[PDB]
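We name chains A, B, ... by the order of the sequence lines, and we start the count at 1 in each one.
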Amino acid sequence: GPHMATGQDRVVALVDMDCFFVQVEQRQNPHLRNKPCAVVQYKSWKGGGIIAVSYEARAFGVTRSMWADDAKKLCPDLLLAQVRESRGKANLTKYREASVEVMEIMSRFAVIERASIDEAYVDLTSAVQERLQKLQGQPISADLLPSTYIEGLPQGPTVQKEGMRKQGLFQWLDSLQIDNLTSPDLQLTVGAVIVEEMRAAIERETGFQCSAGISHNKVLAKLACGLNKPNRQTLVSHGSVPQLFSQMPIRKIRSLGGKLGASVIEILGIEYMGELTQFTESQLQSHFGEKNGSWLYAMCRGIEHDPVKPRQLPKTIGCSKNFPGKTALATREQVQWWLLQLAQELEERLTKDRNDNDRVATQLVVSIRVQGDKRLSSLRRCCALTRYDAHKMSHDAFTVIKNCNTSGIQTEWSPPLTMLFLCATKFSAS
DNA sequence: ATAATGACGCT
DNA sequence: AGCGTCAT
Ligand SMILES: Nc1nc2c(ncn2[C@H]2C[C@H](O)[C@@H](COP(=O)(O)NP(=O)(O)OP(=O)(O)O)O2)c(=O)[nH]1
Ligand SMILES: [Mg+2]
Ligand SMILES: [Mg+2]
């Protein structure tokens with residue numbers, strides 16, 4: 001009864017920018033606003049690979065990782081902006097700084113955890129408490145939740161989206177128990193109000209629009225965020241879960257999108273998140289290991305404990321480049337040359353990092369791919385990073401991989417390299 | 001010829 | 001330490 005722990009202890013939100021790279025490009029170039037458009041890296045191979053798509057472009061079937069030439073076939077009026085190129089490669093600096101604008105704004109409200117270049121989680125538990133004290137005990141008005149959806153409402157005894165949304169919101173507020181300061185749903189509601197505010201501020205001060213999820217944990221906040229994108233936020237209450245999970249494919253839950261999620265489907269013979277409830281913890285631990293079992297057992301009940309880590313800053317800093325097919329690096333002059341290109345970008349990102357964030361990386365990781373290998377990395381090797389010098393860093397990276405050169409000739413490089421990757425890690429205060 | 005990255009688990 | 005998985 002009262003000792004069944006229910007995962008309602010926290011209030012956690014996930015804010016993710018809408019078609020981010022696109023909005024960055026549209027803020028810069030007014031011509032691209034409210035039009036089908038996409039952002040590509042490179043231009044020579046089939047017009048370039050798409051990495052971001054406005055919603056007007058999505059409505060014609062344009063997706064991430066489509067070639068730009070194929071995309072034009074679906075959507076001939078498609079507008080494109082391409083990623084800056086420096087030192088012979090894609091440079092993402094404009095989106096990193098645009099990201100920092102967003103993160104700095106979110107930081108104002110609460111401690112965030114940077115989960116990607118375009119999203120952060122927030123623990124709103126404390127701020128909800130505060131706002132709750134300050135609102136005395138007066139009703140919460142719909143005018144404070146102008147973009148909020150209540151997952152699973154309306155239900156019970158208009159045909160347009162705004163109509164439906166409001167009915168849902170009304171039902172929820174009409175049944176909200178305001179006098180009870182310890183009510184989880186009331187807390188979510190208040191969290192949701194703050195998130196409206198946070199989103200108003202982001203758009204006011206950056207001109208960028210975003211979606212958000214408000215729930216009791218990260219997994220649910222993330223899932224909820226996706227439900228009503230673009231430019232809308234979504235409250236997933238603890239009670240909405242059984243219905244939500246009842247037809248939620250397992251693959252849609254964070255960290256279940258790959259192999260583990262496949263074996264869950266496969267071993268258990270299920271499709272949806274909620275069918276997990278029929279398994280005892282021990283059983284799921286038997287199949288999926290002890291951590292996964294535990295995590296799965298609670299997750300399918302909407303309970304998840306991972307905390308919102310106070311980390312606004314990346315722990316690693318990295319430059320990488322693929323050299324597909326024919327362009328696979330095949331001489332020792334080439335490998336050196338790109339090591340230097342990568343090294344030089346890395347150097348300028350680190351000097352900026354050290355000035356901005358009062359810290360130095362202490363270690364360099366070197367990673368490569370050989371032709372005829374299947375995985376992201378063929379090989380990783382660490383060395384010291386003692387100076388922010390592109391020559392030393394490039395020289396040293398070379399040093400630690402030269403032995404991988406299987407070639408008999410002096411100058412040649414075999415097998416040819418299909419990837420080079422440098423990553424600075426192990427940071428210490430500066 | 002998706003491509004550039006970032007986080008984290010396992011051993 | 002170096003590899004594997006999952007994500008955006
Ligand atoms: N370079 C590179 N960037 C990528 C890749 N995948 C995503 N991004 C970049 C480009 C993305 O703009 C940014 C954030 O990605 P999301 O939030 O996953 N999708 P978005 O915000 O575009 O649209 P929405 O969220 O509304 O559906 O990360 C990639 O494979 N490579
Ligand atoms: Mg996004
Ligand atoms: Mg995202």
Side-chain angles (χ1 to χ4, degrees), chain A residues 14 16-22 38-53 63-71 82-86 88-96 99 113-121 218-219 222 225-226 229 251-263 288-292 295 306 309 311-328 341-342 345-346 349 363-369 371 373-384 400-401 404 418-427:
Chain A
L14 178 280
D16 181 288
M17 319 295 307
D18 291 340
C19 62
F20 190 42
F21 287 30
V22 177
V39 177
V40 295
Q41 330 181 102
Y42 315 117
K43 213 81 190 57
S44 289
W45 190 262
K46 313 184 167 133
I50 289 172
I51 54 163
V53 195
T63 58
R64 171 168 291 113
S65 103
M66 196 173 276
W67 297 117
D69 290 356
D70 303 330
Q82 91 202 70
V83 159
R84 154 151 137 239
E85 274 191 35
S86 323
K89 72 172 290 288
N91 184 287
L92 289 192
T93 316
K94 190 204 291 192
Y95 317 102
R96 296 203 181 82
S99 186
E113 171 182 345
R114 204 206 176 256
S116 85
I117 206 172
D118 104 297
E119 59 220 82
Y121 297 92
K218 294 158 69 164
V219 168
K222 178 51 175 200
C225 191
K229 222 170 222 296
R251 82 177 145 276
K252 293 323 185 184
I253 277 84
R254 215 206 54 182
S255 86
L256 299 192
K259 288 180 189 186
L260 177 68
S263 34
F288 305 121
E290 186 192 296
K291 290 296 179 219
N292 293 337
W295 181 93
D306 189 27
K309 294 152 178 224
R311 207 193 61 238
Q312 184 164 355
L313 301 174
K315 296 167 156 175
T316 45
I317 295 204
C319 301
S320 51
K321 176 165 175 65
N322 290 358
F323 305 94
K326 264 202 171 300
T327 55
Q341 301 335 290
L342 284 169
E345 189 199 327
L346 182 65
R349 291 173 60 196
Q363 171 164 60
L364 176 64
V365 185
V366 187
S367 175
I368 69 177
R369 256 265 265 194
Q371 211 159 49
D373 206 294
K374 40 263 143 287
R375 300 149 304 173
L376 214 81
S377 171
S378 283
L379 169 143
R380 259 135 310 170
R381 295 277 195 276
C382 83
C383 69
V400 300
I401 58 150
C404 282
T418 59
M419 215 267 314
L420 293 180
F421 168 93
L422 301 178
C423 184
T425 70
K426 280 177 216 330
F427 282 84

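Residue A/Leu376 contributes atom CG, which lies 13 Å from atom P of C/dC6 at whole-angstrom precision. To the nearest angstrom, P of B/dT5 lies 13 Å from CG of A/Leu420. For A/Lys374 and C/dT5, the NZ to P distance is 12 Å, given to the nearest whole Å. Rounded to an integer number of Å, the gap from CD1 of A/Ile401 to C1' of C/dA1 is 18 Å. In this structure, CG of A/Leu364 is placed 15 Å from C1' of C/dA1, rounded to the nearest angstrom. Remark: P of B/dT2 and CH2 of A/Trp67 are 6 Å apart, rounded to the nearest angstrom. What separates CZ of A/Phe421 from P of B/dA7 is a distance of 10 Å, to the nearest Å. Atom-to-atom, CD1 of A/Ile368 to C1' of B/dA3 comes out at 18 Å; the value is rounded to the nearest Å.
Distance noted for atom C1' between C/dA7 and B/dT2: 15 Å (whole Å).
Distances shorter than 4.0 Å separate some side-chain N or O of A/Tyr42 from OP1 or OP2 on B/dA4. Side-chain N/O atoms of A/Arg64 include none lying less than 4.0 angstrom from OP1 or OP2 on C/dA7. Taking side-chain N and O atoms only, A/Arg254 has no distance below 4.0 Å to OP1 or OP2 of B/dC8. Using a 4.0 Å cut-off, no side-chain N or O of A/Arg369 falls inside it from OP1 or OP2 of B/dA1. Between A/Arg114 and B/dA7 there is no side-chain polar atom (N or O) within less than 4.0 angstrom of OP1 or OP2.
Closest to the side chain of A/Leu260, out of B/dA7, C/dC6, C/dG2, is C/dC6. The side chain of A/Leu379 sits closest to C/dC3 out of B/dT5, C/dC3, B/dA7. Side-chain proximity of A/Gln41 to B/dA3, B/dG6, C/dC6: nearest is B/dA3. Counting only heavy atoms from C-beta on, A/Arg311 has its side chain closest to B/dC8 among B/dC8, B/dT5, C/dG2. Closest to the A/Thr327 side chain, of the nucleotides B/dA3, B/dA1, B/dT2, is B/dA1. Taking only side-chain atoms of A/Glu119, from C-beta outward, the nucleotide of C/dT8, B/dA4, C/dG2 with the closest atom is C/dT8.
Salt bridge A/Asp70/A/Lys46: absent, no basic N to carboxylate O contact under 4.0 Å. Classification of A/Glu119 and A/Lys222 as a salt-bridged pair holds, one side-chain N sitting under 4.0 Å from a carboxylate O.
A donor-acceptor contact closer than 3.5 angstrom links the side chains of A/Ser367 and A/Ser377.
Contacts between residues 315-324 of chain A and DNA chain B, counted as heavy-atom distances below 4.0 Å, involve A/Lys315, A/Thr316, A/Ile317, A/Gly318, A/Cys319, A/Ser320, A/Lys321, A/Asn322, A/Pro324.
Side-chain atoms of A/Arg254 never come within 3.5 Å of backbone atoms of A/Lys218 as a donor-acceptor pair (strictly under, hydrogens ignored).
Expressed to the nearest 0.5 Å, how far CD of A/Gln341 lies from OG of A/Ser86 amounts to 10.5 Å. We find the OG-CG distance between A/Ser320 and A/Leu420 to be 9.5 Å, quoted to the nearest 0.5 Å. Distance CZ/A/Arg84 to CD/A/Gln41: 13.5 Å, rounded to 0.5 Å.
With hydrogens and angles ignored, a donor-acceptor pair closer than 3.5 Å exists between the side chain of A/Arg380 and the base of C/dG4.
Residue-to-nucleotide proximity on DNA chain B shows that, of A/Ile50 and A/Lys89, the 5′-proximal contact is made by A/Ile50.
No more than 12 heavy-atom neighbours from other residues, nucleotides or ligands sit within 6.0 angstrom of CD on A/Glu290.
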